[PDB]
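These notes are about the structure you will find just below.
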Amino acid sequence: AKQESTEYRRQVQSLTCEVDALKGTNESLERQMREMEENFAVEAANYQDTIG
Amino acid sequence: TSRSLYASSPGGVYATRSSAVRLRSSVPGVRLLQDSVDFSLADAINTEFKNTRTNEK
Amino acid sequence: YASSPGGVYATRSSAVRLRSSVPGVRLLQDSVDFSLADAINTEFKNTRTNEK
Amino acid sequence: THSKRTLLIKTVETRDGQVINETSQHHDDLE
Amino acid sequence: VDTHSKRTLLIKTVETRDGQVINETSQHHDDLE
Amino acid sequence: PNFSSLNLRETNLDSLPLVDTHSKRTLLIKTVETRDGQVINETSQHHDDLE
Amino acid sequence: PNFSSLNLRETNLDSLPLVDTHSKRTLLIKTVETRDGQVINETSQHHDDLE
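Residue numbers (PDB author numbering), protein chains in the order written: chain A, 312 to 363; chain B, 48 to 104; chain C, 53 to 104; chain D, 436 to 466; chain E, 434 to 466; chain F, 416 to 466; chain G, 416 to 466.
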């Protein structure tokens, strides 16, 4: 368990930061989905402003 | 001077045999039933939604 | 003279379908609207009602 | 004529999106 | 001649993923068709 | 008839017998490794695999 | 022109009851009855509830 702890502290901190990087990725993927909400909206409405 | 595309099978197309690796998956077969197995009475009726237009015209 | 090719090649592909022993194919069965076909059925009633 | 008074209701029945209900009801009315 | 009934293109995704909300869209276009 | 107007759409007919698609399929593989009649290991591996 | 009798139907708006989200709640009560650590019964009660 003392030998294990020398990798386990890195495995814990890497799997923490890889979860935390997936968590900053998931908030930023919902920002890509907001910017897709604006893209489907400008596609629908601003195209019909050009028809207007 | 009209002539147009009188050719059948655009791009040479027909349903050529595919046959792959012999995958033995079980598939429990949750059917989409198809009430449009030639709903066809409806497409003879698409021709009669238009024979009704032919008689009125 | 209208030589114009009204037939476009509706491009099919079927590369050789490997061992799909990966079970992760979720079912979805989403259909059909097609409310434009009931608008066209209403335009056939309207076109007959104009022809009347 | 009685022209295309198409009431297009985009009834998107949101129990999510790819499941699946883009009901573009084209009520092509002949007013 | 008559037309322009209001083509209300209320486009709405969501997209629940894995049992969690990962976006909640609710767009509101009215197309004057 | 002037044939149309149309509602053919799947307003809650889609929203099908699709569960997510996923049956909340909580595959709890409770591996009870017993030796000599005693439990020596109890590995309870959860999968929540899509269905 | 008494149309809207067609009405190209109304094969319908179909908020039909074809739902399983409505979730298929797989309550798998895996009752592992052990004696001394040996499995004697596994009463895996699949309550297969469609909500």
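Cβ coordinates follow ideal geometry from the N, Cα and C atoms, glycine included.
Among the options, nearest to residue i - alpha-carbon criterion
{"i": "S430(F)", "options": "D435(G), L428(G), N427(G), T426(G)", "result": "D435(G)"}
{"i": "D464(F)", "options": "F418(F), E425(F), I444(F)", "result": "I444(F)"}
{"i": "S72(C)", "options": "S55(B), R64(B), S72(B), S65(B)", "result": "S72(B)"}
{"i": "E466(E)", "options": "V323(A), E329(A), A356(A)", "result": "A356(A)"}
{"i": "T449(E)", "options": "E341(A), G335(A), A352(A)", "result": "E341(A)"}
{"i": "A89(C)", "options": "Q81(B), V74(B), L80(B), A89(B)", "result": "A89(B)"}
Buried versus exposed, by CB contacts within 10 Å (16 or more), residue i
{"i": "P57(B)", "result": "exposed"}
{"i": "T446(D)", "result": "buried"}
{"i": "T441(D)", "result": "buried"}
{"i": "residue 3(B)", "result": "As shown, chain B starts at 48 and ends at 104. That puts residue 3(B) outside it, with no answer to give."}
{"i": "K97(C)", "result": "buried"}
{"i": "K439(E)", "result": "exposed"}
{"i": "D85(B)", "result": "exposed"}
{"i": "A54(C)", "result": "exposed"}
{"i": "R69(B)", "result": "exposed"}
{"i": "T101(B)", "result": "exposed"}
{"i": "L433(F)", "result": "buried"}
{"i": "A312(A)", "result": "exposed"}
{"i": "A91(B)", "result": "exposed"}
Backbone CA spacing between residue i and residue j [nearest angstrom]
{"i": "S87(C)", "j": "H437(F)", "result": "30 Å"}
{"i": "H461(F)", "j": "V454(G)", "result": "20 Å"}
{"i": "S339(A)", "j": "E457(D)", "result": "27 Å"}
{"i": "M347(A)", "j": "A332(A)", "result": "22 Å"}
{"i": "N422(F)", "j": "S459(D)", "result": "8 Å"}
{"i": "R320(A)", "j": "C328(A)", "result": "12 Å"}
{"i": "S419(G)", "j": "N417(F)", "result": "8 Å"}
{"i": "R78(B)", "j": "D451(F)", "result": "49 Å"}
{"i": "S66(B)", "j": "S65(C)", "result": "14 Å"}
{"i": "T63(C)", "j": "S51(B)", "result": "21 Å"}
{"i": "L428(G)", "j": "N93(B)", "result": "21 Å"}
{"i": "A352(A)", "j": "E425(F)", "result": "23 Å"}
{"i": "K104(B)", "j": "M344(A)", "result": "53 Å"}
{"i": "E315(A)", "j": "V330(A)", "result": "21 Å"}
{"i": "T317(A)", "j": "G76(C)", "result": "37 Å"}
{"i": "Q322(A)", "j": "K334(A)", "result": "18 Å"}
{"i": "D360(A)", "j": "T99(B)", "result": "40 Å"}
{"i": "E349(A)", "j": "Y358(A)", "result": "13 Å"}
{"i": "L326(A)", "j": "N337(A)", "result": "16 Å"}
{"i": "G59(B)", "j": "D82(B)", "result": "32 Å"}
{"i": "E354(A)", "j": "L80(C)", "result": "26 Å"}
{"i": "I362(A)", "j": "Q324(A)", "result": "55 Å"}
{"i": "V74(C)", "j": "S49(B)", "result": "54 Å"}
{"i": "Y61(B)", "j": "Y61(C)", "result": "12 Å"}
For residue i, the three-state DSSP class (helix, strand or coil)
{"i": "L333(A)", "result": "helix"}
{"i": "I444(E)", "result": "coil"}
{"i": "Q460(G)", "result": "strand"}
{"i": "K97(C)", "result": "helix"}
{"i": "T449(F)", "result": "strand"}
{"i": "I455(E)", "result": "coil"}
{"i": "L340(A)", "result": "helix"}
{"i": "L326(A)", "result": "helix"}
{"i": "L70(B)", "result": "coil"}
{"i": "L465(G)", "result": "strand"}
Check: residue i C-beta below 6 Å from any heavy atom of the ligand ATP
{"i": "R100(B)", "result": "By its list of ligands, the structure shown contains no ligand whatsoever, and the ligand ATP lies outside what it can speak to."}
>> Any C-beta of chain F within less than 9 Å: which residues of the stretch 452-466 of chain D qualify?
In response: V454, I455, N456, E457, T458, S459, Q460, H461, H462, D463, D464, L465
>> Residues of the stretch 60-75 of chain B in Cβ contact with chain C at a cutoff of 8 Å, in chain order, please.
In response: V60, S65, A67, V68, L70, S72
> What residues in the stretch 423-441 of chain G bring their beta carbon closer than 9 Å to a beta carbon of chain F?
Replying inline: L423, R424, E425, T426, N427, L428, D429, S430, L431, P432, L433, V434, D435, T436, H437, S438, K439, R440, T441
> Between the stretch 80-97 of chain C and chain G, which residues of the former have CB atoms less than 8 Å from a CB of the latter, in chain order?
Replying inline: Of all residues in the stretch 80-97 of chain C, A89, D90, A91, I92, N93, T94, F96, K97 have a Cβ within less than 8 Å of some Cβ in chain G.
> Residues in the stretch 312-341 of chain A with C-beta within 9 Å of chain E's C-beta atoms, listed in sequence order?
Replying inline: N337, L340, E341
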